[PDB]
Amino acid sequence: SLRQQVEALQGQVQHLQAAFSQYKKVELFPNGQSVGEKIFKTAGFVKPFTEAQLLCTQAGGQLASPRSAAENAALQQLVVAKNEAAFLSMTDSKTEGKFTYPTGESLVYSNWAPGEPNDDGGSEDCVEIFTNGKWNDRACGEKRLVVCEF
């Protein structure tokens, strides 16, 4: 009576494990990347920073925020796949020359291209990631690939 109910529940949970694992692969193809506990997903279109940031937040995530080389490499795969540089979440909008996450926390990882960040024209407060994975500071009003993290 119990041992039988438990057997049935075991069957249900085993099915769910199999079905969920299949579904994860389907979901991530072709626009997602799983790295550790984080998932990057591209919207597959470009927006200016403010609009990109709102899209991610409204979706219950935030803009791509790579915090290690492995996360950066995973994000880089999407950028390469779409062949479009992407916005990161980080900006020095508050204090010029100091890049912060959306929390106001200072950077725990960076991958700046040589000579960057350079605030070119005195007006680069957002960050793009190139197909080579390197970062450049860029004007926030430019349109870049939208990639959120969950």
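The first residue of the shown sequence is 1; numbering continues from there. By rigid core we mean the largest C-alpha set that fits within 1.5 Å across both forms.
- Superposition on the core shows that, in 8 other deposited structures of this protein, the C-alpha atoms drift more in one of 14 to 22 and 129 to 137; this is 14 to 22.
- When the two stretches 64 to 72 and 99 to 107 are set side by side, the higher mean Cα temperature factor goes to 99 to 107.
- Higher mean CA temperature factor between 125 to 133 and 6 to 14: 6 to 14, per the PDB entry.
- Residue set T42, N118, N83, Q33: peak C-alpha B-factor at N83 (per PDB entry).
- In the deposited entry, the Cα temperature factor of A113 places it in the middle third of its chain's modelled residues.
- In this PDB entry, the Cα temperature factor of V26 sits in the bottom third of its chain's modelled residues, the lowest group.
- The PDB entry assigns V46 a C-alpha temperature factor belonging to the highest third of its chain's modelled residues.
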